Protein chains: 2
Amino acid sequence: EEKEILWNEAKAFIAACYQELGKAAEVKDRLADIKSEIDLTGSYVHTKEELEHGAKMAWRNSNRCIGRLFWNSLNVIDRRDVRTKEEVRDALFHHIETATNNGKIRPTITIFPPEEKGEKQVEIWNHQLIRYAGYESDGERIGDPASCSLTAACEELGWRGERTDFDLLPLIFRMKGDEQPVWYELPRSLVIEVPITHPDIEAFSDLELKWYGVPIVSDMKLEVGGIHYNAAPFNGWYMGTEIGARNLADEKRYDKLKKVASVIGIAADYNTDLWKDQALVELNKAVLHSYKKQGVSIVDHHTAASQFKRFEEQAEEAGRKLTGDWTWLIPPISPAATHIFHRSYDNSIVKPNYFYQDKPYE
Amino acid sequence: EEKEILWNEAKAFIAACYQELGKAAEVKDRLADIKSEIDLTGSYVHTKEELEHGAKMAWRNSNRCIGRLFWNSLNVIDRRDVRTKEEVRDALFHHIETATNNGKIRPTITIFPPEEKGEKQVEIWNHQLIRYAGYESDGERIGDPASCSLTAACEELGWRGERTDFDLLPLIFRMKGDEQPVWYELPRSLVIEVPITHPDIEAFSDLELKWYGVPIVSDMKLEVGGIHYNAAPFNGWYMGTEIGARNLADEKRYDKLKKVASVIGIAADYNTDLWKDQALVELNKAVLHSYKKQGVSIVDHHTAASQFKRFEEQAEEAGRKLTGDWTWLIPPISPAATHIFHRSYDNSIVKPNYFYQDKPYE
Ligand code: HEM
Ligand code: HEM
Ligand SMILES: N=C(Nc1cccc(OC[C@@H](O)c2cccc(NC(=N)c3cccs3)c2)c1)c1cccs1
Ligand SMILES: N=C(Nc1cccc(OC[C@@H](O)c2cccc(NC(=N)c3cccs3)c2)c1)c1cccs1
Ligand SMILES: [Cl-]
Ligand SMILES: [Cl-]
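Residues numbered from 1 in each chain as written, not as in the entry; some residues may be left out. Chains lettered and ligands numbered in written order. Heavy atoms only, no water.

Draft legend 1. The arrangement of the coordination of the iron atom of ligand 2 in detail. Counting protein donors to the iron atom of ligand 2 gives just one, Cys65(B) (SG), placed at 2.5 Å. By the element assignment, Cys65(B) lies in the loop between helix 3 (48-60) and strand 1 (75-78). (Donors = N, O, S within 2.8 Å, 3.2 Å for Na, K, Ca; no water. Helix = DSSP H or I, 4+ residues; strand = E, 2+ residues; numbered from the N terminus.)

Following this line, the structure appears as structure tokens:
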């Protein structure tokens, strides 16, 4: 039953994975041994090669991701050997260091032991390994509102933030058998941040905006051939609009457009002046400029869409069906300036893939 | 069979239409008489009141339309009495005049006789009553590429354009019984156009851009209670982005962003400079400024989204289900700056509604 669905997903994955690796012949025996290990044990164990390719396929199949051209060069770190919270912490620290790579970001995933009985071995509470805390009480809003619930959970466990607008949340995760998670403060030497300045407008620094270099999503489940890696943080580099058109711009996030309008010297009084649009463009130019100036990888939405067009072309040429989520693939500024806006995408779910899972806080 | 589907749609419409008009009691008899007229004749005839309300409901149910707040004030002109091509022409001329209203645009629909046996009485070839011709031959591109096929069809019928970038296409329609359509040149006195200037950048006029005041979509079918009004042109006013972010901006339309970049004095060499985004913002500011300066109705995308939020609220308060097409409701610039981007919409089709129909050219 469980064994059944596990077997089925395993067959589909192993077949596909071995064709892609040019190892079509080895399938039958590999499949045989898997059916055996399943019947005996209730599960099976991926080889390094299978796991690495599975993680790459999962990225390739992520409908909402514009950055998929580079799927085959994902750096996969196999940490299925960790057993202790010190080891998990150190693995997370290491992921940050190697992914950051002095600013020349390496798309990386660290893979922890998978769910056994549906029982998690390691459960990471962070949404991203590096993210800012958020506070809300007494009309007072500080930091990132998206982080309010996790921040509150951390402070329930004895952590205390400085209540700056950019407090780094601690790493926070729970081990199987432990009733509570543990938290560890981030060593600042590991975390690159970028001050936001503008190429022409000197006053832009008065806003004292910054953002972190490397987004490392740590709360999604990687599913490969029926195996559920609920703990498998991965990172790429940012597309500039994620920071400039959302994280810093949304009313429910840092909500900076009025302040941007003021420093760039335009009125924020009339919808018809398109001051929000103008503020968005200057804020987004500033973000790209700032990351490039500091030597931290980033991509603008036009270049990213051009890369994605090549991904589409490669899928076709390889005989692979393309799947995508138009509503997430279009960038949140000038979307009609990209080819993406002007076609449609099949939003079907293909596995291996990355999936949402319920937050253990909230 | 035909009578069946006709009866079914009629029941659903008459019931709904009479509740909304507070005439719930009159339904049963009205329904009875309709069933009779159907059985005898194979069809039925809408009262003025039914037709007017049906056209308003159809607009209310148009998923892709951000402008629906004003559905109940649509100006409905009943022209089911026309029989001759002179009458059709004059009705179209009149629609242009009354809708334009010296620049204070009145949302208007002119309704011609419906399909009888599925046989069209009047067939309008124009996509909009006012639109620019487009030419393409010998590497030479002139005017609006979207109009190339209709332009070619007009010139097959003896029309000849001046081959300016803004030739007004003639009205072109066919009568039942006629093998070919007829065409009539638009009287220039009927057509308001707006030169595009910028509020701060004087050189912007060097681009010699203009657009027409009133978009009057004339090739969609209005369906009400099983009756198919294939000829029923309607208009609102423009949302500025339709002109500034699409008609003038798309590479497959007027493709003006590079020229915009040049006149506003920025380089168009690096994706990371976001010059396309900046050019879009200035072009869109110019469009809104120009229409307002001339006293021609227009709405910006922020105000339009705010109006649409009220439409959502009204639907709720009236107990009506809301339907929408997120992919068409978001504006093509700064969509994440609108509430629309941050929620989802049920894309179900509810009738009465406006529908696509096959082009008789192409
Ligand atoms: C190499 C640079 C990369 C860029 C520039 C990039 C860009 C993006 C962007 C802009 C989004 C949309 C996020 C949003 O708007 O909220 C996204 C979504 C996503 N990306 Fe990528 N990405 C990259 C690499 C990766 C990698 C390495 C993985 C995993 C191996 C990945 C998996 C995903 C997934 C799963 C989503 C969807 C998340 C969700 O549904 O909530 N991407 N990507
Ligand atoms: C009053 C001002 C109005 C504004 C500002 C407005 C705005 C818009 C916009 C921006 C679109 C999307 C067009 C595109 O991006 O291609 C649209 C679609 C539409 N509007 Fe409206 N609209 C208005 C009035 C009307 C009226 C009076 C009707 C009919 C009675 C109507 C019916 C529709 C329909 C059917 C579509 C979809 C067309 C398609 O699917 O191709 N609208 N509207
Ligand atoms: N962008 C949208 N939603 C949204 C809202 C709030 C936060 C958010 O963060 C995504 C954040 O979790 C996330 C997830 C995956 C990738 C990224 N960004 C990156 N560059 C990478 C992180 C890791 C590898 S690449 C960031 C996304 C919408 C599109 C259309 C309608 S709403
Ligand atoms: N906008 C899109 N498509 C598109 C592409 C080319 C032309 C076009 O014109 C619509 C044009 O026929 C039209 C239709 C209906 C309304 C308007 N605009 C108006 N303000 C009105 C005309 C009549 C009443 S309101 C204009 C629409 C897309 C959104 C998402 C992916 S593609
Ligand atoms: Cl983010
Ligand atoms: Cl248009």
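Draft legend 2. Main features of the UniProt feature "binding site: heme" in chain A. All names here are of chain A. Mapped onto the present numbering, the UniProt feature "binding site: heme" falls at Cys-65. A relative accessible area of 22% places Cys-65 in the partly exposed class. If we skip the residues at most four places from it in the chain, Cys-65 touches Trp-59, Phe-308 and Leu-329. (UniProt positions renumbered as here; feature names shortened; annotations may be inferred. Buried < 20%, exposed > 50% of the residue type's maximum accessible area, 1.4 Å probe, protein only. Contact = heavy atoms within 4.5 Å.)

Draft legend 3. View of the sheet that holds strand 16 (residues 353-355) of chain A. All names here are of chain A. Read across the open sheet, the three strands follow the order 12-11-16; overall the sheet is antiparallel. Of all strands in the sheet, those with a lone pairing partner are strand 12 (227-229) and strand 16, marking the two edges. Pairwise comparison of adjacent strand axes, ignoring direction, gives a mean angle of 30 degrees for this sheet. Sheet topology note: the strand 11 (residues 221-224)/strand 12 ladder contains three bridges and is antiparallel. The residue bridging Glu-223 from the neighbouring strand is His-228, located in strand 12. (Pairing = 2+ DSSP bridges. Axes fitted to C-alpha atoms, helices over the stretch in contact; angles between N-to-C directions.)

Draft legend 4. Broad picture of the site of ligand 4. As a structural note, the neighbourhood of ligand 4 is formed by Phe341(A), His127(B), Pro215(B), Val217(B), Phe234(B), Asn235(B), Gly236(B), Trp237(B), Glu242(B), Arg246(B), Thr327(B) and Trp328(B). Site remark: ligand 4 is flanked by residues from chains A and B. One of the side-chain N or O atoms of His127(B) is found 2.7 Å from an oxygen atom in ligand 4. For ligand 4, whose accessible area on its own is 700 Å², the fraction buried by protein is 67%. (Near = heavy atom within 4 Å. Polar contact = N/O pair within 3.5 Å; in protein donor to acceptor, adjacent residues only side chain to side chain. Areas by Shrake-Rupley, 256 points an atom, 1.4 Å probe, with all protein chains shown as cover.)

Draft legend 5. Looking closely at the site of ligand 3. Residues in close proximity to ligand 3 include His127(A), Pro215(A), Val217(A), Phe234(A), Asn235(A), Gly236(A), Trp237(A), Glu242(A), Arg246(A), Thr327(A), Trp328(A) and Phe341(B), which together make up its full environment. Those residues lying near ligand 3 are distributed over chains A and B. In the model, a nitrogen atom of ligand 3 is placed 2.6 Å from a nitrogen or oxygen of the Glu242(A) side chain. The contact in question runs from a nitrogen atom of ligand 3 to an N or O atom on the side chain of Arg246(A), over 3.2 Å. Contact with the protein chains hides 68% of the accessible area of ligand 3, taken as 700 Å² for the molecule alone. If you list the elements that add at least two residues to the shell around ligand 3, you get strand 13 (234-235), helix 6 (240-247) and helix 10 (326-329) of chain A. Tallied by class, residues from the shell around ligand 3 come to six nonpolar, four polar and two charged. (Nonpolar A, V, L, I, M, F, W, Y, C, P; charged D, E, K, R; others polar.)

Draft legend 6. Geometry of the packing of aromatic side chains. Evaluation of the coordinates by the stated rule reveals 29 aromatic pairs over all chains. Aromatic pair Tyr132(A) and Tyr212(A): ring centres 5.5 Å apart, planes at 70 degrees, arrangement edge-to-face. Of this pair, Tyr132(A) sits in the loop between strand 3 (122-124) and strand 4 (134-137) while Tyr212(A) sits in strand 9 (residues 210-212), placing them 80 residues apart in sequence. When sorted by exposure, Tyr132(A) lands in the same class as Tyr212(A), which is buried. Ring plane angle 25 degrees and centroid distance 5.7 Å describe the contact between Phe308(B) and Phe311(B), whose orientation is recorded as stacked. Highlighted residues: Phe308(B) and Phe311(B), both in helix 9 (residues 301-317), separated by three residues, approximately one helical turn. According to the relative accessible area criterion, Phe308(B) is buried, its value standing at 0%. Ring pairs connect the aromatic residues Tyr132(A), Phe166(A), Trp211(A), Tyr212(A), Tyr238(A) and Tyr254(A), which therefore count as one cluster. Above the ring of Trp71(B), the side-chain terminus of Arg60(B) is found at 4.7 Å from the ring centroid. Above the plane of the ring of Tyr184(B) lies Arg89(B), whose end atom (NZ or CZ) is 5.0 Å from the centre. (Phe/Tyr/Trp six-rings, centres within 6.5 Å; stacked < 30°, edge-to-face > 60°. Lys NZ or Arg CZ within 6 Å of the ring centre and 35° of its normal.)

Draft legend 7. Representation of the nonpolar core. Counting residues in hydrophobic clusters, the biggest one holds 90 residues, and the most contacted among them are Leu222(A), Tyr354(A), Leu222(B) and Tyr354(B). Leave out the neighbours within four places in its chain, and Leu222(B) touches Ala55(B), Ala58(B), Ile109(B), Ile111(B), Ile227(B), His228(B), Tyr229(B), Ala232(B), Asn353(B) and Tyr354(B). Counting residues in hydrophobic clusters, the runner-up holds 55 residues, among them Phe112(A), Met175(A), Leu190(A) and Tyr212(A). (Core = buried A, V, L, I, M, F, W, Y, C linked by side-chain atoms within 4.5 Å.)

Draft legend 8. Quick look at the sheet that holds strand 11 (residues 221-224) of chain B. Residue and element names in this part refer to chain B. One open sheet holds the three strands; their spatial order is 12-11-16, and the pairing between them is antiparallel. Each edge of the open sheet is held by one strand with a lone partner, namely strand 12 (227-229) and strand 16 (353-355). Along the sheet, successive strands turn relative to each other by an average axial angle of 30 degrees, direction set aside. Pairing of strand 11 with strand 16 involves three bridges; the strand directions are antiparallel. Looking at strand 16, one finds that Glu-223 is bridged to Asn-353.

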